[PDB]
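First, one chain by itself: the form whose entry title says "active form", in structure tokens.
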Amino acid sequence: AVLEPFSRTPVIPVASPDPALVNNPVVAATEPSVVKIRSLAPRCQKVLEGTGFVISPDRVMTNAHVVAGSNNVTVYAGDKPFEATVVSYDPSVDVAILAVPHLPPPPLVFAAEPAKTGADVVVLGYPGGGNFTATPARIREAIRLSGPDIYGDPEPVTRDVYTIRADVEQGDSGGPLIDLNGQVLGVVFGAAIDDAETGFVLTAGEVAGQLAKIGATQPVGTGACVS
């Protein structure tokens, strides 16, 4: 008889994030390029709020689920609204790119190399659709994560992610995980259900393919409401 429990390796244990990261000079320097996204989604009977960041002039990256099902997307930078168009939308990888004419802040650069276990990193975003907040974090591990896409479609997806030790909050989706150099390590998208202090981040490598469509100008749809 082979016994039939299911087991998996735990998320890599790492030290508590350094609380002082909230005051690291990288936070204030990066903040202008981290934007709030508000999406009206009457089909879903919701207003969605999340975070994005500038990837090139007039181009903002966020998660697909931050705009899924919506019919109007506004980007806020420096407490000012900017009209946005969804020009790339990928519910499998979970990334959207927005065209945002005349958006003042400069782009952030994706980090050239992967982060290492135990590294000090920072989640930047807008919890609750409120004020900009830096959330101290620590890298646990780069993993290949398999699971459903944002719609729960039949065929699962496999993506390169970081697990992090952090308290990721609703509204942080779409924001960057930055290193202490102010470069983007990935896009924060989720939190563990059962593992309280664990967040999930799409790696820079995982989202890189989306940039092939950065030159798009026409609106693409925003798909179904997330269940």
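Rigid core (definition): largest C-alpha set, two forms, superposition within 1.5 Å. Shifts are known only where both forms have a C-alpha. We number the residues from 1 along the sequence you see.
This next part talks about the form whose entry title says "inactive form", which is not shown.
Colleague: Relative to the superposed core, which single residue of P136, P107, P127, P91 shows a CA shift of 2 Å or more between the shown form and the other one?
Modeller: With the rigid core superposed, the residue that stands out is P91.
Colleague: Core-aligned, does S70 move its Cα 2 Å or more between the shown form and the other one?
Modeller: After core superposition, the displacement of the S70 C-alpha between the shown form and the other one reaches the 2 Å mark, so yes.
Colleague: Against the rigid core, is the Cα displacement of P81 between the shown form and the other one at least 2 Å?
Modeller: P81 C-alpha, core-superposed: shift of less than 2 Å.
Colleague: With both forms fit on the core, has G147 moved 2 Å or more by CA between the shown form and the other one?
Modeller: Yes, because once the rigid core is superposed, the C-alpha of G147 moves 2 Å or more between the shown form and the other one.
Colleague: Indicate closer or farther: the Cα atoms of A64 and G152, in the other form, relative to the displayed form, with a change of 3 Å or more.
Modeller: Note: Cα gap between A64 and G152 widens in the other form.
Colleague: Have a look at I150 and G171: in the other form, are their Cα atoms closer together or farther apart than in this form, given the change is 3 Å or more?
Modeller: More distant in the other form, by 3 Å or more.
Colleague: Superposed on the rigid core, which segments of at least three residues move by 2 angstroms or more at the Cα between the shown form and the other one?
Modeller: When the rigid core is held fixed, residues 68 to 71, 90 to 93, 147 to 152, 154 to 156, 209 to 216 are the runs that shift.
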